[PDB]
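Undergrad: Got a sequence here, can you build the structure:
(6 chains, ligands or ions: 12)
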Amino acid sequence: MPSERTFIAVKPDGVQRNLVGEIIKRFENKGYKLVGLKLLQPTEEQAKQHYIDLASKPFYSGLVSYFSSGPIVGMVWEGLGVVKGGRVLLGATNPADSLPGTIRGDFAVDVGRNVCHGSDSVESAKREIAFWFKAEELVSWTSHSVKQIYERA
Amino acid sequence: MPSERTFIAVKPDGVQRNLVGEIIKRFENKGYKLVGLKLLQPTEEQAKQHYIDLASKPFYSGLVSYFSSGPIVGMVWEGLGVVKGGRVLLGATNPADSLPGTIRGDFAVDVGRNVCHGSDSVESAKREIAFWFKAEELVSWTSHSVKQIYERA
Amino acid sequence: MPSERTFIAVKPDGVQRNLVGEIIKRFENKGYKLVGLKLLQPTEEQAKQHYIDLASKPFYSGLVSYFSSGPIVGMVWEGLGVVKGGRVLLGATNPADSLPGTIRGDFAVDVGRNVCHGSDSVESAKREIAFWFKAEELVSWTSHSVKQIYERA
Amino acid sequence: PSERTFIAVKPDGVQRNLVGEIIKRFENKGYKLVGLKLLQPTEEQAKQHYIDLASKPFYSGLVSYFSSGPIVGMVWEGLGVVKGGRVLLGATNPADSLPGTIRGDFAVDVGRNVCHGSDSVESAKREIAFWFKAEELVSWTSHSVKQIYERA
Amino acid sequence: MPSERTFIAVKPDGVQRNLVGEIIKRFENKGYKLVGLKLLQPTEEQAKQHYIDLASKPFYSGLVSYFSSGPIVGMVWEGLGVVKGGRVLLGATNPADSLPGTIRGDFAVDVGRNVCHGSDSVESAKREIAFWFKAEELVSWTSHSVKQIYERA
Amino acid sequence: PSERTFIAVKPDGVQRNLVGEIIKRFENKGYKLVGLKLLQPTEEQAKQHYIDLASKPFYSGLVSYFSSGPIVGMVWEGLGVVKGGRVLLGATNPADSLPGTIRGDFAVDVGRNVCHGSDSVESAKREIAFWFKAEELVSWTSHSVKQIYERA
Ligand SMILES: Nc1ccn([C@@H]2O[C@H](COP(=O)(O)OP(=O)(O)O)[C@@H](O)[C@H]2O)c(=O)n1
Ligand SMILES: Nc1ccn([C@@H]2O[C@H](COP(=O)(O)OP(=O)(O)O)[C@@H](O)[C@H]2O)c(=O)n1
Ligand SMILES: Nc1ccn([C@@H]2O[C@H](COP(=O)(O)OP(=O)(O)O)[C@@H](O)[C@H]2O)c(=O)n1
Ligand SMILES: Nc1ccn([C@@H]2O[C@H](COP(=O)(O)OP(=O)(O)O)[C@@H](O)[C@H]2O)c(=O)n1
Ligand SMILES: Nc1ccn([C@@H]2O[C@H](COP(=O)(O)OP(=O)(O)O)[C@@H](O)[C@H]2O)c(=O)n1
Ligand SMILES: Nc1ccn([C@@H]2O[C@H](COP(=O)(O)OP(=O)(O)O)[C@@H](O)[C@H]2O)c(=O)n1
Ligand SMILES: [Mg+2]
Ligand SMILES: [Mg+2]
Ligand SMILES: [Mg+2]
Ligand SMILES: [Mg+2]
Ligand SMILES: [Mg+2]
Ligand SMILES: [Mg+2]
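TA: Numbers count the residues shown, from 1 in each chain, chains lettered A, B, ... in the order given. Ligands and ions are numbered 1, 2, ... in the order given. Coordinates below:
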């Protein structure tokens, strides 16, 4: 259904390198609907929990330190297939494997400085959204372009 | 041969969502030559004929209604391999399958709101060009850049 | 009134230099509505008439020859203040006087190769639209975005 | 360089997919984002934000529209950012705004003019205080600060 | 005459902030012709001589130190009125006074970090070009678009 | 991260006003420009640069065209930049290149394919040595190096 949601974050390198607007533009251009947006400074414990599935991996310590080293921009986007589609926009995890046209393909080199995050499944997206956003920070609204973007609307 | 031609249309969602300029720019940037251009309101019967091969498909009635719901921009582009190359610029029919960099990859979500059309073969292109354009509507001209774009020119 | 209309043309240098998409994009981005569009080859006599007020000027013969030397893209745009606003988007007649941000400011050098034309008043626009377009060539439609662009809509 | 301003993408700007474009322009200029939120103003927030226009005949419509859907509120930091932000936005009436500015490139009607920016250092301080809690601002150092400023 | 030339430099901040391509694009888009291009590290003495007219000004010391602190990209552009036109593209000296659409209007804040330089007169342009470029580094060529950009060509 | 590659805008790319666009793509990616020059290759330079194609039937035409007008030669530095540069360029035949790449967005014909990039670390070292004198390369530290690389 077009009401699917995903969590996207500009990581601290993406904020530092002035990629916030560019990343948001790509999601707006695609037809996805912005329903949550904030600038925040993750704590180490927040980073640990966000990446909890990766706790045994050797990059985890550095990942958690880096993710909490400076501000991120957290977002919630709504749209048909937006979890998968958000990942398509981001490009492959390792920028070396990402193609031009994607965020990581255009703007990143190193897997540890890969500028952005996106939820990897509908289930993890729900968890991430719930973790980073309060219900008061999510806005219910209708895009005036909804019938131009979706057939069934 | 560099004189190959194809029919590209901005569908009514593409016009509504202000993608006419962006789509033309992509074709110009590639090196293709614009030889026909018009804004028109297809009739339902024109839409039925344009998509006649698809008459048995479950989506046909909706396709034909939508395509005739408002203005399209019809184009004829000329260049080496332009039929296939135009379709590559458009991206996969279903935008969920389209890659970033392409028109559908960058701007569309839903297969029924996929912003554009391109002819699928040399012979269908000839048919579509003849259906939408009278002989006197095409403009033959030489790009000042033809020898920078083509080795053989 | 938001139903005001103007005639804009991409002149033959603008077509040759692949500025058609870029010019249309600027008008779409502004909120103006495309209601007429075609590619055509003006005749010398059409060019003489289009610029008839300038018949005594030293540049007229060159202007009329050039304007009829290859294809133009003719457009009719609709929107509040579109005659004046279209000219603002174009920039100063002589590109040496045009500011960055405008079409001439960004893309042109020479007053005789200034890439585009726009009607200079409401009444000249009506004349130019009638000269270049038959009634049946215009397309009336409602932008899905009209109430986001205009308070009164 | 620690001057701050409040910039909002108005509901028309959100609806018309200009959030990223607007943020990009401010990032490109060298300004630093220190606050960002998406919210739908209440009627009362809309009345207060525009409190100096309460006696104008366009007020109730401005209030209703500003509270009709989400805005994006921003706090930007930088040398001369109050004046600079308004230069990026362009003239209040898009008819008067020049290409290159946000209103010049994207808006037609004064009542649907896409964005807001504080008009002075003091009004910025008041708008920031109105729209953001203390804990919602983020203090950080751009790694590019010495490239943007001589005195850093 | 269209053979006028000017010296443009991306200053060390402009190089550091990844504005080389953007600056070159703006000059290419305008119709100006690139006839010299190099990356170099100015010496302090080179910076002193380049800015010799400003030797008594209180910012001079800091200007010369900064200009020689890292690489610049030096360019020579050719075109009708290119000295004045290059300055128009750059925008006002102090970015606070520069308008959006210009290089300094779009990308700079501080007069001491104003990302680029352009010659201020035909005479100073000749001096600057001669100072920064050897004759072997200037390329004589003809743009295939010269007749599309200039009437008299 | 100290890997280097040679990228050239070919004479068609210069003529078609793609120099800035190409440089922008490499800067945006995070790669560092350490050499840059505009020059018109001699016939002999064109023959040598393409020496591994000397037995091909398209050679003399490639040589004549490559020496017909100015190119822009570049040296870029960064992790995996040889492979990365070629990914940015796209497939050799623009018919096979995808949108988003330089050839995918801007070229049609294999003989007018806008740009060149070294095919390997060793060929890059040889191309760099051929096109640039030692004194023409500039060593410098991007202020953004720690934002682009974890190990910096
Ligand atoms: N070998 C690796 C793998 C991942 N990572 C980082 O760990 C993050 C999370 O890994 P992940 O497997 O969930 O990948 P994504 O979901 O981000 O694509 C990545 O986005 C990288 O920034 C790393 O630094 N080195
Ligand atoms: N399952 C489908 C397939 C196609 N369509 C629409 O029907 C149009 C014509 O289908 P097609 O098979 O000719 O595909 P293209 O030639 O447009 O790639 C597509 O462009 C879609 O807009 C659809 O709505 N649902
Ligand atoms: N001194 C001049 C004035 C105008 N012209 C050309 O003549 C066209 C018509 O002139 P105009 O006075 O109607 O100006 P616009 O309405 O195009 O601003 C201009 O757009 C120029 O292309 C010229 O070549 N030399
Ligand atoms: N005559 C007017 C004046 C202002 N307005 C709106 O009211 C807003 C606030 O007015 P203002 O005087 O504070 O102008 P700015 O601070 O936005 O430049 C404007 O941005 C317009 O959207 C209007 O609709 N009609
Ligand atoms: N008050 C000033 C004036 C100039 N400058 C710097 O000195 C440079 C040369 O000054 P200039 O008067 O030749 O200005 P332009 O020709 O660069 O516009 C400027 O581009 C500034 O970078 C400064 O740092 N502070
Ligand atoms: N069949 C071919 C193959 C290559 N070429 C040209 O020769 C150049 C060098 O060939 P190459 O095999 O080194 O390919 P790349 O390294 O450029 O990918 C290509 O970039 C083409 O411009 C051609 O014109 N026809
Ligand atoms: Mg993950
Ligand atoms: Mg089909
Ligand atoms: Mg006129
Ligand atoms: Mg105000
Ligand atoms: Mg000066
Ligand atoms: Mg090769």
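
Undergrad: For the host helix or strand of residue A:35, which helices and strands make contact with it?
TA: Secondary structure assigned from DSSP states H and E places residue A:35 in strand A:33-40. Judged by 3 or more CB pairs under 8 Å, 6 or more residues apart in numbering or on different chains; DSSP states H and E, strand A:33-40 is in contact with helix A:20-30, strand A:72-78, strand D:32-39. Yep, even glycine has a C-beta here, placed from its N, CA and C like the rest.

Undergrad: out of those, nearest to ligand 4?
TA: strand D:32-39 (18.5 Å; CB to the nearest ligand atom).

Undergrad: and that closest one with helix D:19-29, angle?
TA: Strand D:32-39 and helix D:19-29 meet at an angle of 170 degrees, taking axes from the mean of the first three to the mean of the last three CA atoms, to 10 degrees as the criterion.

Undergrad: Output strand D:32-39 as PDB, restricted to C-alpha atoms.
TA: Once non-C-alpha atoms are left out, strand D:32-39 reads as follows in PDB (Å, rounded to 0.1, in the frame of the first residue of the first chain):
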ATOM      1  CA  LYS D  32      25.100  25.900   9.200                       C
ATOM      2  CA  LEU D  33      21.900  24.000  10.000                       C
ATOM      3  CA  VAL D  34      21.400  24.000  13.800                       C
ATOM      4  CA  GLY D  35      17.700  23.300  14.000                       C
ATOM      5  CA  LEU D  36      15.300  21.400  11.700                       C
ATOM      6  CA  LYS D  37      11.700  20.100  12.200                       C
ATOM      7  CA  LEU D  38       8.600  19.200  10.300                       C
ATOM      8  CA  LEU D  39       5.300  20.200  12.000                       C
END
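
Undergrad: Out of the helices and strands packed on strand A:33-40, which one sits most buried?
TA: Ranked by mean neighbour count under mean count of other CB atoms under 10 Å in any protein chain shown, those are led by strand A:72-78, which reaches a mean of 25.

Undergrad: Please render the helices and strands packed on strand A:33-40 as CSV that adds distance to residue F:133 to the earlier fields.
TA: Converted to CSV, the helices and strands packed on strand A:33-40 look like this (distance: least, CB to CB, whole Å):
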stretch, distance to residue F:133
helix A:20-30, 37
strand A:72-78, 45
strand D:32-39, 41
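
Undergrad: Contacts only, for the residue nearest to residue A:149 when sequence neighbours are not counted.
TA: Nearest non-adjacent residue to residue A:149, counting by CB to CB, 6 or more residues apart in numbering or on different chains: residue A:31, 4.2 Å away. Residues in contact with residue A:31 (CB atoms under 8 Å, 6 or more residues apart in numbering or on different chains) are A:79, A:145, A:149, B:107-109.

Undergrad: can you pull the contacts of residue A:14?
TA: Taking CB under 8 Å, 6+ apart, we find residue A:14 in contact with A:20, A:23, A:72-73, A:107, A:115-116.

Undergrad: Name the nearest of these relative to residue E:132.
TA: residue A:107 (32.1 Å; CB to CB).

Undergrad: Pairing partners for the closest residue to residue A:129 other than its chain neighbours in the sheet, please.
TA: Of all residues not flanking residue A:129 in the chain, residue A:7 sits nearest, at 5.0 Å (CB to CB, 6+ apart). In this structure, residue A:7 bridges to residue A:76 when assessed by DSSP bridges.
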